[PDB]
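Trainee: So here's start-v7.pdb (PDB, C-alpha atoms (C1' of nucleotides)).
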```
MODEL        1
ATOM      1  CA  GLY A  98       0.000   0.000   0.000  1.00  0.00           C
ATOM      2  CA  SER A  99       1.173   3.551  -0.945  1.00  0.00           C
ATOM      3  CA  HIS A 100      -1.915   5.853  -0.381  1.00  0.00           C
ATOM      4  CA  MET A 101      -4.657   6.521   2.262  1.00  0.00           C
ATOM      5  CA  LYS A 102      -8.316   7.802   2.409  1.00  0.00           C
ATOM      6  CA  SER A 103      -6.883  11.337   2.914  1.00  0.00           C
ATOM      7  CA  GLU A 104      -3.492  12.960   2.207  1.00  0.00           C
ATOM      8  CA  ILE A 105      -4.321  16.700   2.476  1.00  0.00           C
ATOM      9  CA  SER A 106      -5.382  15.858   6.098  1.00  0.00           C
ATOM     10  CA  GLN A 107      -1.637  15.106   6.724  1.00  0.00           C
ATOM     11  CA  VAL A 108      -0.419  18.512   5.354  1.00  0.00           C
ATOM     12  CA  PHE A 109      -3.306  20.473   6.997  1.00  0.00           C
ATOM     13  CA  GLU A 110      -2.181  20.276  10.716  1.00  0.00           C
ATOM     14  CA  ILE A 111       1.662  20.040  10.245  1.00  0.00           C
ATOM     15  CA  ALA A 112       1.167  23.788   9.482  1.00  0.00           C
ATOM     16  CA  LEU A 113       0.702  24.258  13.308  1.00  0.00           C
ATOM     17  CA  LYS A 114       4.373  23.130  13.894  1.00  0.00           C
ATOM     18  CA  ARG A 115       5.980  24.436  10.616  1.00  0.00           C
ATOM     19  CA  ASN A 116       4.277  27.904  10.039  1.00  0.00           C
ATOM     20  CA  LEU A 117       4.730  27.520   6.184  1.00  0.00           C
ATOM     21  CA  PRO A 118       2.551  24.490   5.027  1.00  0.00           C
ATOM     22  CA  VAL A 119      -1.246  24.687   4.195  1.00  0.00           C
ATOM     23  CA  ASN A 120      -0.623  27.870   2.075  1.00  0.00           C
ATOM     24  CA  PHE A 121      -3.272  26.942  -0.564  1.00  0.00           C
ATOM     25  CA  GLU A 122      -3.881  29.818  -3.051  1.00  0.00           C
ATOM     26  CA  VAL A 123      -5.053  30.813  -6.571  1.00  0.00           C
ATOM     27  CA  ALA A 124      -3.080  29.768  -9.718  1.00  0.00           C
ATOM     28  CA  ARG A 125      -4.056  32.890 -11.853  1.00  0.00           C
ATOM     29  CA  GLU A 126      -4.504  36.693 -11.374  1.00  0.00           C
ATOM     30  CA  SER A 127      -6.361  37.721 -14.638  1.00  0.00           C
ATOM     31  CA  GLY A 128      -9.769  35.941 -14.233  1.00  0.00           C
ATOM     32  CA  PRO A 129     -10.474  34.368 -10.728  1.00  0.00           C
ATOM     33  CA  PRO A 130     -12.063  37.662  -9.335  1.00  0.00           C
ATOM     34  CA  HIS A 131     -14.990  37.231 -11.857  1.00  0.00           C
ATOM     35  CA  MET A 132     -17.046  34.602  -9.876  1.00  0.00           C
ATOM     36  CA  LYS A 133     -14.959  31.431  -9.069  1.00  0.00           C
ATOM     37  CA  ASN A 134     -11.281  30.443  -8.457  1.00  0.00           C
ATOM     38  CA  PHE A 135     -11.376  27.824 -11.326  1.00  0.00           C
ATOM     39  CA  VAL A 136      -7.660  26.627 -10.616  1.00  0.00           C
ATOM     40  CA  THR A 137      -5.672  26.116  -7.332  1.00  0.00           C
ATOM     41  CA  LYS A 138      -2.002  25.902  -6.184  1.00  0.00           C
ATOM     42  CA  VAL A 139      -0.239  25.248  -2.801  1.00  0.00           C
ATOM     43  CA  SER A 140       3.094  26.208  -1.191  1.00  0.00           C
ATOM     44  CA  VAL A 141       4.812  24.209   1.599  1.00  0.00           C
ATOM     45  CA  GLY A 142       8.169  24.978   3.338  1.00  0.00           C
ATOM     46  CA  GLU A 143      10.505  25.725   0.338  1.00  0.00           C
ATOM     47  CA  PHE A 144       8.375  23.984  -2.410  1.00  0.00           C
ATOM     48  CA  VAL A 145       5.071  24.358  -4.366  1.00  0.00           C
ATOM     49  CA  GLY A 146       2.391  22.128  -5.982  1.00  0.00           C
ATOM     50  CA  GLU A 147      -0.811  22.323  -8.142  1.00  0.00           C
ATOM     51  CA  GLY A 148      -4.073  20.268  -8.537  1.00  0.00           C
ATOM     52  CA  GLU A 149      -3.250  18.853 -12.047  1.00  0.00           C
ATOM     53  CA  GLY A 150      -1.924  15.351 -11.135  1.00  0.00           C
ATOM     54  CA  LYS A 151      -1.697  12.975 -14.139  1.00  0.00           C
ATOM     55  CA  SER A 152      -5.189  14.258 -15.244  1.00  0.00           C
ATOM     56  CA  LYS A 153      -7.319  14.923 -12.016  1.00  0.00           C
ATOM     57  CA  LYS A 154      -9.432  11.876 -13.211  1.00  0.00           C
ATOM     58  CA  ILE A 155      -7.234  10.096 -10.556  1.00  0.00           C
ATOM     59  CA  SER A 156      -7.786  12.089  -7.278  1.00  0.00           C
ATOM     60  CA  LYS A 157      -8.653  15.650  -5.967  1.00  0.00           C
ATOM     61  CA  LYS A 158      -5.536  15.954  -3.718  1.00  0.00           C
ATOM     62  CA  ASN A 159      -2.683  15.879  -6.289  1.00  0.00           C
ATOM     63  CA  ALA A 160      -1.905  19.494  -5.147  1.00  0.00           C
ATOM     64  CA  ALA A 161      -0.999  18.389  -1.573  1.00  0.00           C
ATOM     65  CA  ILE A 162       0.701  15.074  -2.581  1.00  0.00           C
ATOM     66  CA  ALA A 163       2.977  17.138  -4.890  1.00  0.00           C
ATOM     67  CA  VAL A 164       4.215  19.140  -1.771  1.00  0.00           C
ATOM     68  CA  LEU A 165       3.928  16.448   0.998  1.00  0.00           C
ATOM     69  CA  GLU A 166       7.225  15.092  -0.481  1.00  0.00           C
ATOM     70  CA  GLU A 167       8.897  18.335   0.870  1.00  0.00           C
ATOM     71  CA  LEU A 168       7.644  17.588   4.438  1.00  0.00           C
ATOM     72  CA  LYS A 169      10.269  14.718   4.229  1.00  0.00           C
ATOM     73  CA  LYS A 170      13.172  17.228   3.515  1.00  0.00           C
ATOM     74  CA  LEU A 171      12.424  19.744   6.370  1.00  0.00           C
ATOM     75  CA  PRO A 172      15.174  21.439   8.543  1.00  0.00           C
ATOM     76  CA  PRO A 173      15.955  20.469  12.231  1.00  0.00           C
ATOM     77  CA  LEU A 174      13.670  23.486  12.889  1.00  0.00           C
ATOM     78  CA  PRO A 175      15.778  25.960  15.002  1.00  0.00           C
ATOM     79  CA  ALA A 176      12.379  27.650  15.769  1.00  0.00           C
ATOM     80  CA  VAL A 177       8.870  26.348  16.863  1.00  0.00           C
ATOM     81  CA  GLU A 178      10.104  23.730  19.407  1.00  0.00           C
ATOM     82  CA  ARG A 179       8.441  20.260  19.863  1.00  0.00           C
ATOM     83  CA  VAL A 180       8.711  16.812  21.599  1.00  0.00           C
ATOM     84  CA  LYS A 181       8.419  13.080  20.618  1.00  0.00           C
ATOM     85  CA  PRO A 182       7.912  10.922  23.803  1.00  0.00           C
ATOM     86  CA  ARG A 183       7.451   7.082  23.738  1.00  0.00           C
ATOM     87  CA  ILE A 184       6.600   4.086  26.042  1.00  0.00           C
ATOM     88  CA  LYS A 185       4.315   6.493  28.066  1.00  0.00           C
ATOM     89  CA  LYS A 186       1.063   6.800  25.943  1.00  0.00           C
ATOM     90  CA  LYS A 187      -0.980   4.582  23.518  1.00  0.00           C
ATOM     91  CA  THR A 188      -3.899   5.360  21.115  1.00  0.00           C
ATOM     92  CA  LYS A 189      -6.020   3.504  18.445  1.00  0.00           C
ATOM     93  CA  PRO A 190      -8.314   4.839  15.599  1.00  0.00           C
ATOM     94  CA  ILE A 191     -12.110   4.181  15.440  1.00  0.00           C
ATOM     95  CA  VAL A 192     -13.413   0.863  13.901  1.00  0.00           C
ATOM     96  CA  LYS A 193     -17.234   1.564  13.831  1.00  0.00           C
ATOM     97  CA  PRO A 194     -17.175   3.052  10.203  1.00  0.00           C
ATOM     98  CA  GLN A 195     -17.991   0.874   7.139  1.00  0.00           C
ATOM     99  CA  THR A 196     -18.114   0.784   3.270  1.00  0.00           C
ATOM    100  CA  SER A 197     -20.472  -0.482   0.484  1.00  0.00           C
ATOM    101  CA  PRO A 198     -20.290  -1.633  -3.219  1.00  0.00           C
ATOM    102  CA  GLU A 199     -23.080   0.979  -3.943  1.00  0.00           C
ATOM    103  CA  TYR A 200     -24.236   4.559  -3.054  1.00  0.00           C
ATOM    104  CA  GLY A 201     -27.373   6.807  -3.179  1.00  0.00           C
ATOM    105  CA  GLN A 202     -28.790  10.378  -3.299  1.00  0.00           C
ATOM    106  CA  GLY A 203     -30.496  10.357   0.176  1.00  0.00           C
ATOM    107  CA  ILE A 204     -28.185   8.504   2.667  1.00  0.00           C
ATOM    108  CA  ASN A 205     -29.202  11.015   5.437  1.00  0.00           C
ATOM    109  CA  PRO A 206     -31.655  14.032   5.821  1.00  0.00           C
ATOM    110  CA  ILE A 207     -28.716  16.474   5.983  1.00  0.00           C
ATOM    111  CA  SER A 208     -27.003  15.675   2.638  1.00  0.00           C
ATOM    112  CA  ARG A 209     -30.494  15.038   1.089  1.00  0.00           C
ATOM    113  CA  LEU A 210     -31.774  18.588   1.888  1.00  0.00           C
ATOM    114  CA  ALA A 211     -28.514  20.286   0.730  1.00  0.00           C
ATOM    115  CA  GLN A 212     -28.572  18.129  -2.477  1.00  0.00           C
ATOM    116  CA  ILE A 213     -32.245  19.083  -3.279  1.00  0.00           C
ATOM    117  CA  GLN A 214     -31.481  22.887  -3.244  1.00  0.00           C
ATOM    118  CA  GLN A 215     -28.939  22.504  -6.107  1.00  0.00           C
ATOM    119  CA  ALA A 216     -31.565  20.716  -8.278  1.00  0.00           C
ATOM    120  CA  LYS A 217     -33.779  23.898  -7.781  1.00  0.00           C
ATOM    121  CA  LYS A 218     -30.885  26.127  -9.113  1.00  0.00           C
ATOM    122  CA  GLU A 219     -30.201  27.359  -5.528  1.00  0.00           C
ATOM    123  CA  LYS A 220     -27.021  26.760  -3.425  1.00  0.00           C
ATOM    124  CA  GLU A 221     -28.220  26.411   0.181  1.00  0.00           C
ATOM    125  CA  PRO A 222     -31.192  27.307   2.522  1.00  0.00           C
ATOM    126  CA  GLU A 223     -31.501  30.624   4.465  1.00  0.00           C
ATOM    127  CA  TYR A 224     -29.885  29.630   7.824  1.00  0.00           C
ATOM    128  CA  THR A 225     -30.138  31.998  10.878  1.00  0.00           C
ATOM    129  CA  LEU A 226     -29.186  32.060  14.636  1.00  0.00           C
ATOM    130  CA  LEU A 227     -31.478  32.660  17.683  1.00  0.00           C
ATOM    131  CA  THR A 228     -29.709  31.689  20.990  1.00  0.00           C
ATOM    132  CA  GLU A 229     -32.179  33.723  23.156  1.00  0.00           C
ATOM    133  CA  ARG A 230     -30.961  31.719  26.264  1.00  0.00           C
ATOM    134  CA  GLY A 231     -28.167  31.935  28.893  1.00  0.00           C
ATOM    135  CA  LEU A 232     -29.366  30.691  32.330  1.00  0.00           C
ATOM    136  CA  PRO A 233     -26.990  30.415  35.406  1.00  0.00           C
ATOM    137  CA  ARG A 234     -27.002  26.578  34.784  1.00  0.00           C
ATOM    138  CA  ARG A 235     -28.082  26.202  31.062  1.00  0.00           C
ATOM    139  CA  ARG A 236     -26.596  27.316  27.667  1.00  0.00           C
ATOM    140  CA  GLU A 237     -27.008  25.815  24.119  1.00  0.00           C
ATOM    141  CA  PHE A 238     -26.978  26.597  20.355  1.00  0.00           C
ATOM    142  CA  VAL A 239     -30.416  27.236  18.690  1.00  0.00           C
ATOM    143  CA  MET A 240     -30.373  27.337  14.849  1.00  0.00           C
ATOM    144  CA  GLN A 241     -33.247  28.554  12.586  1.00  0.00           C
ATOM    145  CA  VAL A 242     -33.593  27.945   8.790  1.00  0.00           C
ATOM    146  CA  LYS A 243     -36.069  29.159   6.119  1.00  0.00           C
ATOM    147  CA  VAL A 244     -36.763  27.657   2.632  1.00  0.00           C
ATOM    148  CA  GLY A 245     -39.680  29.867   1.368  1.00  0.00           C
ATOM    149  CA  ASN A 246     -42.780  29.935   3.644  1.00  0.00           C
ATOM    150  CA  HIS A 247     -41.690  27.525   6.482  1.00  0.00           C
ATOM    151  CA  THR A 248     -38.893  27.086   9.105  1.00  0.00           C
ATOM    152  CA  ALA A 249     -36.993  24.435  11.157  1.00  0.00           C
ATOM    153  CA  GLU A 250     -34.743  24.478  14.296  1.00  0.00           C
ATOM    154  CA  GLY A 251     -31.781  22.464  15.740  1.00  0.00           C
ATOM    155  CA  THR A 252     -28.976  22.269  18.381  1.00  0.00           C
ATOM    156  CA  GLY A 253     -25.139  21.894  18.378  1.00  0.00           C
ATOM    157  CA  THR A 254     -21.702  23.252  19.500  1.00  0.00           C
ATOM    158  CA  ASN A 255     -20.955  25.681  16.584  1.00  0.00           C
ATOM    159  CA  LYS A 256     -22.563  27.261  13.456  1.00  0.00           C
ATOM    160  CA  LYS A 257     -21.192  24.306  11.309  1.00  0.00           C
ATOM    161  CA  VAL A 258     -22.858  21.568  13.526  1.00  0.00           C
ATOM    162  CA  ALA A 259     -26.341  22.823  14.549  1.00  0.00           C
ATOM    163  CA  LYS A 260     -27.150  22.541  10.776  1.00  0.00           C
ATOM    164  CA  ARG A 261     -26.989  18.698  11.309  1.00  0.00           C
ATOM    165  CA  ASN A 262     -29.666  18.429  14.018  1.00  0.00           C
ATOM    166  CA  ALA A 263     -32.162  20.795  12.269  1.00  0.00           C
ATOM    167  CA  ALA A 264     -32.050  18.854   8.934  1.00  0.00           C
ATOM    168  CA  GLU A 265     -34.148  15.954  10.382  1.00  0.00           C
ATOM    169  CA  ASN A 266     -37.048  18.523  10.425  1.00  0.00           C
ATOM    170  CA  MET A 267     -36.162  20.472   7.175  1.00  0.00           C
ATOM    171  CA  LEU A 268     -37.794  17.805   4.876  1.00  0.00           C
ATOM    172  CA  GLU A 269     -41.044  17.562   6.949  1.00  0.00           C
ATOM    173  CA  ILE A 270     -41.654  21.383   7.270  1.00  0.00           C
ATOM    174  CA  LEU A 271     -42.075  21.899   3.472  1.00  0.00           C
ATOM    175  CA  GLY A 272     -43.399  18.402   2.495  1.00  0.00           C
ATOM    176  CA  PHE A 273     -40.341  16.711   0.864  1.00  0.00           C
ATOM    177  CA  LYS A 274     -41.055  13.806   3.350  1.00  0.00           C
TER
ATOM    178  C1'   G B   1      -9.351  20.308 -18.105  1.00  0.00           C
ATOM    179  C1'   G B   2     -11.899  22.849 -13.281  1.00  0.00           C
ATOM    180  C1'   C B   3     -14.694  24.499  -8.480  1.00  0.00           C
ATOM    181  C1'   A B   4     -18.143  25.127  -4.317  1.00  0.00           C
ATOM    182  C1'   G B   5     -21.791  22.883  -0.774  1.00  0.00           C
ATOM    183  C1'   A B   6     -23.607  18.931   2.439  1.00  0.00           C
ATOM    184  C1'   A B   7     -22.724  14.522   5.300  1.00  0.00           C
ATOM    185  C1'   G B   8     -18.973  10.450   6.950  1.00  0.00           C
ATOM    186  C1'   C B   9     -13.510  10.309   8.290  1.00  0.00           C
ATOM    187  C1'   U B  10      -9.233  13.638  10.236  1.00  0.00           C
ATOM    188  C1'   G B  11      -7.576  17.300  13.365  1.00  0.00           C
ATOM    189  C1'   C B  12      -6.813  22.000  14.815  1.00  0.00           C
ATOM    190  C1'   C B  13      -8.174  27.215  17.683  1.00  0.00           C
ATOM    191  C1'   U B  14     -10.536  30.083  21.917  1.00  0.00           C
ATOM    192  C1'   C B  15     -13.635  31.027  25.986  1.00  0.00           C
ATOM    193  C1'   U B  16     -16.199  28.701  31.038  1.00  0.00           C
ATOM    194  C1'   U B  17     -20.183  32.540  35.274  1.00  0.00           C
ATOM    195  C1'   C B  18     -18.083  25.246  36.424  1.00  0.00           C
ATOM    196  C1'   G B  19     -24.166  24.625  33.152  1.00  0.00           C
ATOM    197  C1'   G B  20     -21.315  24.464  29.536  1.00  0.00           C
ATOM    198  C1'   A B  21     -20.358  27.351  25.394  1.00  0.00           C
ATOM    199  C1'   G B  22     -18.073  29.807  20.798  1.00  0.00           C
ATOM    200  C1'   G B  23     -14.955  29.344  16.136  1.00  0.00           C
ATOM    201  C1'   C B  24     -12.408  27.125  11.817  1.00  0.00           C
ATOM    202  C1'   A B  25     -10.762  24.260   7.895  1.00  0.00           C
ATOM    203  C1'   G B  26      -9.248  19.989   5.217  1.00  0.00           C
ATOM    204  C1'   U B  27     -10.163  15.347   2.655  1.00  0.00           C
ATOM    205  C1'   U B  28     -13.208  11.819   0.837  1.00  0.00           C
ATOM    206  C1'   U B  29     -18.415   9.669  -0.871  1.00  0.00           C
ATOM    207  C1'   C B  30     -23.091  12.239  -3.017  1.00  0.00           C
ATOM    208  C1'   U B  31     -24.736  16.482  -5.582  1.00  0.00           C
ATOM    209  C1'   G B  32     -24.403  20.655  -8.205  1.00  0.00           C
ATOM    210  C1'   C B  33     -21.477  24.159 -10.302  1.00  0.00           C
ATOM    211  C1'   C B  34     -16.553  25.778 -13.763  1.00  0.00           C
TER
ENDMDL
END
```
Taking this structure as input, can you express it in the form of structure tokens?
Mentor:
Amino acid sequence: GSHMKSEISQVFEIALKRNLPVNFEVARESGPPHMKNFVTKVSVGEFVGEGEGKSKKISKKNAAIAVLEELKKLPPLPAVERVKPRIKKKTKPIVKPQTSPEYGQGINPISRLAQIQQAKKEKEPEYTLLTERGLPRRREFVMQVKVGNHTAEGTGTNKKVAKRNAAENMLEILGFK
RNA sequence: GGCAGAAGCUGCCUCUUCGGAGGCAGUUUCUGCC
């Protein structure tokens, strides 16, 4: 074996200890301001990479793989100090996840609702925040969303997670379920 | 040739009145968009 499920996920947090990786940026300066980036590049340490790969019909992380080879040629680092202890801690990844020989367009309410908006020539719903609460012994997120004439609500730990809990209602409020 | 959104996986950042909260991105599988 020579690859994993993610490879940009390696580059992405080494930036915390190297202060030069994860510098993803545009590849042009005479068109991207119009509406969309339409090509991307990355710089890491003393090197640089681009999304092209062999043809991009291979992966969507050729940009990072082309610069992750420089993370193997790094200095001793005379700045941003670190440690590497052993025989004192142990860890293991999760084993609950699974795979399938097939896929679908409605695996969960959350993806399903987001996927339906694009088929209507939209992008996303009209999400909103309420959080009209703050008791001496109770605090929580309270999301609101609108889709035309109706609304749903949900709970979470940030504005990228309360979207999950509300989506179970988002199909039943407007009659998609 | 090429990008953005959602979920699953990965991990980071800050606050706490001691209930707990607030904030991010990446990838990959679906979709749409270039």
Trainee: Identify the residues around (3.9, 15.8, 4.6) within a radius of 6 Å, measuring from only C-alpha atoms (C1' of nucleotides) in the coordinates stated by the file, and give them as JSON, numbers by chain.
Mentor: {"A": [107, 108, 165, 168]}
Trainee: Can you list what the PyMOL selection byres ((chain B) within 7 of (chain A)) grabs from this structure, as a list in words?
Mentor: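 After applying the PyMOL selection byres ((chain B) within 7 of (chain A)), what remains is residues 2, 3, 6, 7, 10, 11, 12, 19, 20, 21, 22, 26, 27, 28, 30, 31, 32 and 34 of chain B.
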Trainee: Record the distance separating CA of residue 142 in chain A and CA of residue 117 in chain A, expressed in Å with one decimal.
Mentor: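 Those two atoms sit 5.1 Å apart.
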Trainee: Calculate how many Å separate CA of residue 266 in chain A from CA of residue 228 in chain A, rounding to one decimal.
Mentor: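 Calculated distance between CA of residue 266 in chain A and CA of residue 228 in chain A is 18.4 Å.
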